[PDB]
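Coming up are structure 1 and structure 2: the same protein chain in two forms, each one given alone as structure tokens.
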Structure 1
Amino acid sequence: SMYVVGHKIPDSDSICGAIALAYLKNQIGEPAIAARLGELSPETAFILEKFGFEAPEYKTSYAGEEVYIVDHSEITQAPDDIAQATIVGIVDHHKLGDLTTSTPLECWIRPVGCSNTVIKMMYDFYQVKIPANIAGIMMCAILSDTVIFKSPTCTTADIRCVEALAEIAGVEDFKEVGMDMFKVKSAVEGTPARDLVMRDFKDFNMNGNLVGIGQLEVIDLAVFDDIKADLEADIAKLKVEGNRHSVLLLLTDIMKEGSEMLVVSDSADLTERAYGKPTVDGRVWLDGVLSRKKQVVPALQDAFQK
């Protein structure tokens, strides 16, 4: 069988996409097993529970196996031993990264806000009906990725596809299911600082400099008030533990549609150079900022070249 698998530190898109593409492949006689490279966030765990699904199989070694990649095309986000596997498919909505194959494959890549939007196109192409349970987690993955359409990564294709999936899943109020997800993401009390920093954390090599960026998306930025000092202490620790130039944590308020960024950097004027807004006691408010890959990373990469 093939293993359908998303990126290291799986998000809803990577997990819901794996289940959604595995089902499709099994229905068209191309045997497939959903898999993951890490634990589910409470967000993803809630989505699976609500629509009645088991987590994909936890699997880290793929040497000698067939692999269908979801929601990236990067070596670093792939399984450690991806070079010893055979990539038979990629479905994604990112820039084309450094993954390569020695064998013919499928690529379904589109400039949209969510892999699950593309996977919906795959069902239509194959003329396989989307079961109500699958439609719902597919829906939720797109609301997760596009932040209920508020993220500037949201495209026309994502909106029309959610509207389509909502009817198939018999969800009347897709926006209420979206807010239900971000409420679960907003329940941060009692969670160790490190679990929160690493929930959605990525390392970047920006012109020789190692820059780590976490992000939490919540309904109200006030939930972080009592734990914020523990966060600032833990991003200092983590900067040392990895010998990082910079560790930044995005606290993203999806109602104000902005991000408070906690900063520890070897560069004192980092946020002044990249965004034209300086940090004040290792903190800066970034109005309108929702997306790491669109509004945060480009401007940092530009400042490490300059």
Structure 2
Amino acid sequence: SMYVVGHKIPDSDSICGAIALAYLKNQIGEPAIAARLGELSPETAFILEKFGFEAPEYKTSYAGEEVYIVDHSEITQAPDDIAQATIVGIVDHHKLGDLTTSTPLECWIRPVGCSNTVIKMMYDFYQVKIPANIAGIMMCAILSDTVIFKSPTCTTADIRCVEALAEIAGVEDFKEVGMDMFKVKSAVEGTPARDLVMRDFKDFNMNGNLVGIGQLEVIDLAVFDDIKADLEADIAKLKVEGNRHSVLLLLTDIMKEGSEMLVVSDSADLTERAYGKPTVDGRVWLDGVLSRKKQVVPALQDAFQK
């Protein structure tokens, strides 16, 4: 079987998309196994419990295997031994990263709100029925990635996909399922700083500079008031531990629709140069910023390339 696997530090799109695409591949006679590179977030556990799924197989070494990548195209987010695997496919909605192959492959990459929107397009292409349970987790993944349609990554395709999947899944009030997921994400009391920094964290190679970016999407920024200094101390430790150029942590309020970014960087003017918004003692408020892939990464990557 091929293994279908999303990014390191998987989120709901990576987990649910691996399950949904493995099902589709098996239905079309292409043996597949869904896998994961890490533990589930509370949000993803909530989604899988709601629709009756077990977590996919936890698997970290893929040398000699065929792999269908979900929800990224980056060396830093792939299995460590992906160069000794064969990538047979990528389904994604990110920038084109530094993965490569030696062989022809499939890529279903679209600049939409969720990888699961593209996986639904694959089900449509093959004319395979989406079971109710699979539809539910796909629906949840799109509601999560699009921030209940608030994110600027959201497209008409994502909305139409949620509407179609919600009908299949038997969900009438899908926006309340969306809000439920963000209430789960907001339940951060008593969680160690490092577990919050790493909950939704990605490394990026930006012109040979290693940049770590975490994100914590919540309903109310004030949940971070007491732990903010602990988060700041922790990102400085994480910077050193991984010999990173920069570590950024987005504290994202989905109701204000903006983010406070905590910054530790070898570049004193990083956010001034990237966004035209200077940090002050390592913090900057980024009005309107919800999306890492659309509103955070591009300007940073371009600033490192220049």
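In this text, the rigid core denotes the largest set of C-alpha atoms whose superposition between the two forms falls within 1.5 Å. Residue 1 is the first residue of structure 1, and the numbers go on in sequence order from there.
Only one of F46, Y62, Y275, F53 has its Cα shifted by 2 Å or more between the two structures after fitting on the core, and that residue is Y275. With the core superposed, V211 shows a C-alpha displacement of at least 2 Å between the two structures. In this overlay on the rigid core, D180 has a C-alpha that sits less than 2 Å away from its partner position between the two structures.
Taking 2 Å as the criterion, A83 does not count as shifted between the two structures: its C-alpha moves by less than this amount when the rigid core is aligned. Summarising the core-aligned comparison between the two structures, the C-alpha atom of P10 is found to shift 0.4 Å. Aligning the rigid core leaves the CA of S102 displaced by 1.4 Å between the two structures. Once the core is aligned between the two structures, the alpha carbon position of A233 differs by 2.8 Å; this is the C-alpha shift at that site.
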